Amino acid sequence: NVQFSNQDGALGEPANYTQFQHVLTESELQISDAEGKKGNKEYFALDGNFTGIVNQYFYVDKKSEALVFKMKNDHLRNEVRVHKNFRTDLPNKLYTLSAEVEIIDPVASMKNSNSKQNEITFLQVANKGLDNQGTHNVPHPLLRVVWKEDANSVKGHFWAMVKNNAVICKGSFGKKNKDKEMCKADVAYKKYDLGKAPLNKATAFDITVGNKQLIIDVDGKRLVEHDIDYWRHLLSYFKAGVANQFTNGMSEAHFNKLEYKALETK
């Protein structure tokens, strides 16, 4: 069971900080019990009410006012999940997630890892499926924004890992596709270098989905403008926090800013 405690006032409660209040009301918390079963997940603030929701892994640092996410162990996660399952294909509906993030001591996080991946995912666009119930879910996110230890000798960069078709390539429903060209790592994904991650400094990310486009700005500069016509049928949603693709360590992300905005016109 995941617990809540502000450690006698040491930890700030996220719902008490105006800069995070709106995104919190628009979301729920999906967090693993670090010492529970593999890949486990608990849900809180199902209604968007984060009042009282705080613990050692999810809090606001009272001095910096950063929203802090932590999690230990491979495949465990700690994320705010924005509730809207939005269409990505319409010209008059644009959905934006804006963040300023610093990943804390990621090389140390990964010291004892033997993962071949060695990534921390801190922003994501997932699909729900064809409908709000998750029918025909595709078990691949549209986007993962990650800190990656070593990508063919390029060390400590941020990357956007973009799923570049709508094909199921793993699991029970991917058996017919997994060995085809469309499921090869270099075909099913397009990767964008978002730059070397800086030390002791936050980096701004702005992700806009809509009008058949996935747009990513980094520190105010447009780096990704990717056509996602192929994803048109999939209702999609934002997550932010940490998700571990490395073993035997704890990740830690500090968000100086986390915002969500829907721009629906006409």
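Note that residue numbering begins at 1 and tracks the sequence as displayed.
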property: Of 77 to 85 and 167 to 175, the one with larger mean CA B-factor; result: 167 to 175
property: Of 207 to 215 and 58 to 66, the stretch whose C-alpha atoms average the higher B-factor in the entry; result: 58 to 66
property: Identity of residue with top Cα B-factor, from 102, 181, 149, 131; result: 181
property: Deposited CA B-factor, highest of 121, 115, 96, 127; result: 115
property: Third of chain Cα B-factors occupied by residue 109; result: highest
property: Record-listed C-alpha B factor of residue 185: chain third; result: highest
property: Residue 35 - which third its CA temperature factor falls in, relative to the rest of the chain; result: highest
property: Ranked against its chain, the third holding the CA B-factor of residue 253; result: middle
property: Relative C-alpha B-factor of residue 52, binned into the chain's lowest, middle or highest third; result: highest
